[PDB]
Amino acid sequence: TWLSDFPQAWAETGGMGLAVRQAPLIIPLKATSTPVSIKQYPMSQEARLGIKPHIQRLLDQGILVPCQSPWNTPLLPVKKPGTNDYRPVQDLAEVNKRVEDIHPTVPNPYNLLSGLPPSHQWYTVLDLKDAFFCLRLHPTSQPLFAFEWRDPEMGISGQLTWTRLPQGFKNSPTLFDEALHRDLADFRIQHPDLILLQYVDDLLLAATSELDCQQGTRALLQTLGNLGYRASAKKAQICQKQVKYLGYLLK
């Protein structure tokens, strides 16, 4: 129904996204910042083989590429509770510390919803999958996020780094919010009878009736697909009068 019509708007059917209108991002440093190289902490064999699959996937998607840089931060295998699944988690504290700050133009998780008029009772909530990875990193800033990766009988031994905005980077939330705000501006002007709330990668569309919500959602998904974003079809809440958004429950 809603999936078949917009295959490029869903993560499950469109694959990894890529914001086609966003130029590669350059990351400004603080004036006195200098490169930091924290060597990779030793890792249990179970851990390394545990994250290999995630690292390999990332490399297949071209999100990770080999490199060599004077920057380097530790990669930590984070054991998922209950299961024997390890997720690669990088500690960018030392890098975040050296990057120039950005003043979040982000409204607020509360004052946001409080603006919603009671006149719009129909909602559609969407969360974008791997939002940060949809924004590319300019090759000049890529070296900042480098880390070590080695695996004997695998294929490589050295440093890897990201070609997309990484997790753990203090400025990703804001950078993605601003980018998505730029990409969805026209949508707003083209649909003044709809209310569009957006906080980083979580979206809420409000209409004055089930019909407008239906048509508004179709237009939104269409727009997200064209742009290269991907929402979670699994967690989507389409044209409902009661939905949960940002932890809050609406009725």
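From 1 onward, residues are counted along the sequence shown.
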{"property": "Greater mean Cα temperature factor according to the PDB record, 217-225 or 43-51", "result": "43-51"}
{"property": "Mean C-alpha temperature factor, higher of 235-243 and 14-22", "result": "235-243"}
{"property": "Top Cα B factor in the deposited entry, candidates 119, 174, 163, 73", "result": "119"}
{"property": "Identity of residue with top Cα B-factor, from 193, 210, 186, 202", "result": "210"}
{"property": "Cα B factor band for residue 151 (lowest, middle or highest third within the chain)", "result": "highest"}
{"property": "Residue 139 CA temperature factor, ranked by third within the chain", "result": "lowest"}
{"property": "Third assignment of residue 130 from its chain's C-alpha B-factors", "result": "lowest"}
{"property": "Among modelled residues of the same chain, the CA temperature factor third for residue 84", "result": "highest"}
{"property": "Where the record places residue 157 (Cα B-factor, split into thirds across the chain)", "result": "highest"}
